[PDB]
Amino acid sequence: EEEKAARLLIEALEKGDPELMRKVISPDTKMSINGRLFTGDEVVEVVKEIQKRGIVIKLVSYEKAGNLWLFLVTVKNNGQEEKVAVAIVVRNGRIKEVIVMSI
Amino acid sequence: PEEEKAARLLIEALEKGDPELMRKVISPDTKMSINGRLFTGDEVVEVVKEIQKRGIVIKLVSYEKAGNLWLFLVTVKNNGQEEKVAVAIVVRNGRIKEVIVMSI
Ligand SMILES: [Zn+2]
Ligand SMILES: [Zn+2]
Ligand SMILES: [Zn+2]
Ligand SMILES: [Zn+2]
Ligand SMILES: [Zn+2]
Ligand SMILES: [Zn+2]
């Protein structure tokens, strides 16, 4: 169920299907994206905005410790490329906390 | 507020790895993945000790937080080579429950 949620996140991101995230986000999910805080449905709306903008995300690598996952992705928009770290904590099959940080 | 206290302690542990502070914040059930290699409990303390013993210099670049999840970006210097490393930590009840260390 832990692994399910992480796997669904990757699939959702690859597919550009933000709505699929609703299967792993909860109303109490907290996200920090470069210091900006979002909760619950707002997290889905942020991911939707990212997809709407056509931002291209490629997974580079990932690691896991217990219910904690850390992903390194490359992000491309308008020919500019950046590395981003995405940390998630899963509880009861749901992503409860997420940090997105530009490197 | 209480965040600043916790941040200060976490940063000190990450940069300097004081053994006595490590023993206070690691529990027998703490799980660490360091570039895919898994360590648990006391082992985590021993790994931090080894990193410090080798003279690896760790400096905070930035960090973020959401609930009990923290993410630190550090520079690591060893033998004239410099790299960026991401450290993700989950805290529960004043202790580190999970930590991932990943070279970028
Ligand atoms: Zn699309
Ligand atoms: Zn909405
Ligand atoms: Zn827009
Ligand atoms: Zn110290
Ligand atoms: Zn002492
Ligand atoms: Zn030992």
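Protein chains get the first letters and strands the later ones, always in sequence-line order, with residue 1 at the start of each.
Contact annotation: the side chain of B:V45 never approaches that of B:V47 to less than 4.5 Å [non-hydrogen atoms, C-beta and beyond]. Using a 4.5 Å cut-off on side-chain heavy atoms (C-beta onward), A:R94 and A:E1 make no contact. Taking 4.5 Å as the limit, some side-chain heavy atom of A:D41 sits within range of a side-chain heavy atom of A:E45. Contact of the B:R23 side chain with the B:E20 side chain is not registered, since no non-hydrogen atoms from C-beta on lie closer than 4.5 Å. Here the side chains of A:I50 and A:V75 are not in contact, with every heavy-atom distance at 4.5 Å or above. Side-chain contact between A:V84 and A:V100 is present, with at least one heavy-atom pair separated by less than 4.5 Å. Annotation: side chain of A:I95 is not in contact with side chain of A:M21 (no heavy-atom distance under 4.5 Å). A 4.5 Å side-chain heavy-atom check between B:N78 and B:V57 finds every atom pair outside the cut-off.
Counting heavy atoms of neighbouring residues, nucleotides and ligands inside a 6.0 Å radius, atom NZ of A:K48 exceeds 12 of them. Within 6.0 Å of atom NZ in A:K23, 12 or fewer heavy atoms from other residues, nucleotides or ligands are found, so the atom counts as exposed in its surroundings. Shown here is B:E3, whose CD atom has more than 12 heavy atoms of other residues, nucleotides or ligands within 6.0 Å.
Side-chain N or O atoms of B:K65 include one that pairs as donor or acceptor with a backbone N or O of B:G67 at under 3.5 Å. In terms of modelled atom types and a separation under 3.5 Å, the side chain of B:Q52 and the main chain of B:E15 share a donor-acceptor contact. A:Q80 places a side-chain N or O within 3.5 Å of a backbone atom of A:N78 that can act as its donor or acceptor partner.
Scanning all heavy atoms of the two residues, the minimum distance from A:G93 to A:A5 falls at O-CB, 3.5 Å. The heavy-atom pair separating B:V99 from A:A65 by the smallest distance is O-CB, 3.6 Å.
Using a cut-off of 4.0 Å between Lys/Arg side-chain N and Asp/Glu carboxylate O, B:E12 and B:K16 are scored as not salt-bridged. Between A:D28 and A:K96, at least one side-chain nitrogen of the basic residue sits less than 4.0 Å from a carboxylate oxygen of the acidic one, meeting the salt-bridge criterion. Salt bridge present: A:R53 and A:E49 bring a charged side-chain N and a carboxylate O closer than 4.0 Å.
Expressed to the nearest 0.5 Å, how far OG1 of B:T30 lies from CD of B:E98 amounts to 9.0 Å. In this structure, CD on B:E4 lies 10.5 Å from CD1 on B:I11, to the nearest 0.5 angstrom. Within the model, atoms CD1 of B:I34 and CD of B:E43 stand 12.5 Å from one another, a figure rounded to the nearest 0.5 Å. Here CG of B:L21 is found 9.0 Å from CD1 of B:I26. Values are rounded to the nearest 0.5 Å. Note that CG of B:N68 and CZ of B:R92 are 6.0 Å apart. Values are rounded to the nearest 0.5 Å.
One hydrophobic cluster, built from ILVMFWY side chains closer than 4.5 Å, cannot hold both B:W70 and A:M31; they sit in different ones.
Side-chain polar atoms of A:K76 and A:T74 form a donor-acceptor pair below 3.5 angstrom.
The aromatic rings of A:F71 and A:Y62 lie tilted to each other, with the angle between the two planes from 30° to 60°.
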request  = Step by step, work out the side chain to side chain donor-acceptor pair (under 3.5 Å) result for A:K30 and A:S32.
outcome  = CA-CA 7 Å; A:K30 309 186 222 278; A:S32 177; over 6 Å; no
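Annotation for A:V89: hydrophobic cluster partners, listed by chain and number, are A:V60, A:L68, A:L70, A:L72, A:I99, A:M101, A:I103, B:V61, B:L69, B:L71, B:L73, B:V90, B:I100, B:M102, B:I104 (ILVMFWY side-chain heavy atoms under 4.5 Å, direct or chained). As a member of the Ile/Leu/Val/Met/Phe/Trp/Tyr network built from side-chain separations under 4.5 Å, B:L38 groups with nothing else and remains a singleton.
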